[PDB]
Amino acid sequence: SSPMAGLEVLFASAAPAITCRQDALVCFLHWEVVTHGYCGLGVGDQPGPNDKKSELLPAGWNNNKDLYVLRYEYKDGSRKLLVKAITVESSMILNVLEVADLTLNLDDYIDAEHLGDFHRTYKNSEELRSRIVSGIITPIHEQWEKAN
């Protein structure tokens, strides 16, 4: 239901941090999570002093191109998520623990030749949105419904 309105602004905000295909994919994923009601908390599997509840990409989010570990919390709630994006050659393995998983090929969704051009960075973005929603977002929301 929700738009991805804000992705262009987020992408521009992360321009100096986006150096590889994985950075661009994680940027997109982050905004999918935010637009579905979550706020970023920080990086790593545990709270640090740098933790801030925010829409922005957490400081240090892009410091490991092989493994992205980002924590989230429901906007006006206490519900928490641990999101991992794991690089495996030209693919990323996405998984979330509140354990939904999803494997994406970077070549299918990111154009490496145009990382500096937002309008040509993402390919098949509508399909990317649906796979992230059905593979990541929806399972989380349904686990929420069952336990009430």
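We number the residues from 1 along the sequence you see.
Peer 1: Zero if continuous, otherwise a range: how many residues of the deposited sequence are missing coordinates between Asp66 and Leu67 (none, 1 to 3, 4 to 9, 10 or more)?
Peer 2: Going from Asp66 to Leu67, the model skips no residues of the deposited sequence.
Peer 1: Got a sec? Mean C-alpha B-factor, which is higher, 12-20 or 136-144?
Peer 2: Stretch with the greater average CA B-factor: 136-144.
Peer 1: Which is higher on mean Cα B factor in this entry, 27-35 or 115-123?
Peer 2: Result: 115-123.
Peer 1: In terms of recorded Cα temperature factor, pick the maximum from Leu104, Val99, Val43, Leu82.
Peer 2: If I rank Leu104, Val99, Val43, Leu82 by C-alpha B-factor, first place goes to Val99.
Peer 1: Sorting by Cα B-factor within the chain, modelled residues only, which third would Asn62 end up in: lowest, middle or highest?
Peer 2: Its C-alpha B-factor belongs to the middle third of this chain's values.
Peer 1: Using the B-factors in the PDB entry, rank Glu55's C-alpha atom against the chain and give the third, lowest, middle or highest.
Peer 2: Its C-alpha B-factor belongs to the lowest third of this chain's values.
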